[PDB]
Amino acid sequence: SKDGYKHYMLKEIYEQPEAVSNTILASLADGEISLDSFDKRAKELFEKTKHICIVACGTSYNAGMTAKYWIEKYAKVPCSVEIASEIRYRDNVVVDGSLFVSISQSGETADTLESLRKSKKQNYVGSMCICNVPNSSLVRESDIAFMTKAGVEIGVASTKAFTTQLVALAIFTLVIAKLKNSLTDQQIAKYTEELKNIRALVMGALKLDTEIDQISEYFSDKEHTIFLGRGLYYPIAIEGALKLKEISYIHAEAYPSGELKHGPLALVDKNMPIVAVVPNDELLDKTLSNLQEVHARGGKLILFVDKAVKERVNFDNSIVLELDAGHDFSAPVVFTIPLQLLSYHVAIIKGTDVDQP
């Protein structure tokens, strides 16, 4: 069933508030993030963890990249993130006390699954899967499984699997943080409340649907797009580009906003759409400065901006949609939504398939 939506992909984008909130709920006990909701081996395994090794592919790899910022900053555990089809065949070294974390919607992704199998002959303390399908090879073969509650996906692009993977990784960050005393019980509580507030913010984000539909006409004759973000939002930009590419077949590519200097300024002219995410954080002034460079070349700026910075965002002839995105934990998820909607509508404009067979 599409539940009245025009396409399954659009239904799934609209299930995200429920999905996000179901994922959080499953790890709570009395509204607090609880270690008791995890498998009971989990704690011993986390006490031994000194390094976290995230392996995944595609959208799940983009989630992992986002999570590394959170893990290092809040849990203070070093984190590396690697593409499964590369680590699988590479002759790598495993830090002592390394936890192997895989991320997968289906739990059957070949390269990820085979990276897990290889890891069992290496120096890891153990494995954890962030997965959506219980009773999948990845869940069975890992020591512990944190389950997302995304339900099933028929959209060509994954939507709710990505946001729920982000939320699971945020919850994991706080569990680790607490166990290793990286955060006070009061910080844990403040960031837990921020995760709970995601549902309302995601729903707000979904309000931009109609305006994003109107904007998407701009893309009908376009064969390139550039996505921009910094920090946590770089991987969010990469995920946005992946959706656009995957279902509209536009050559969409993401760049960390600080790196335009060398490569991508060259590509920007007056026919080039630039989609950027401009959050309420420490790096606003850098980002506005990077955006200026791009504006200077005639790029068509399409900006999704947190309401708290919109007054500071002024570019002649840009398009600016504003929203409340919250802080470090919520904003990466919230800003994803517009990008999913963008890719949905541009796909319709191009007449490409949004749903799978």
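Position 1 is the first residue in the sequence shown; the rest follow in order.
For the two regions 29-37 and 46-54, the entry's Cα B-factors average higher over 29-37. Averaged over their C-alpha atoms, the temperature factors of 309-317 and 61-69 are higher for 309-317. Note on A168, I83, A241, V152: the highest value goes to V152, judged by CA B factor as recorded.
Of the candidates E253, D221, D111, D209, the PDB record gives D221 the highest C-alpha temperature factor. In the deposited entry, the Cα temperature factor of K286 places it in the highest third of its chain's modelled residues. Per the deposited record, the Cα B-factor of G258 falls in the highest third when ranked against the other modelled residues of its chain.
Among all modelled residues in its chain, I349 ranks in the highest third by Cα B-factor.
In this PDB entry, the Cα temperature factor of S216 sits in the top third of its chain's modelled residues, the highest group.
Ranked by C-alpha B-factor against the other modelled residues of its chain, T148 falls in the lowest third.
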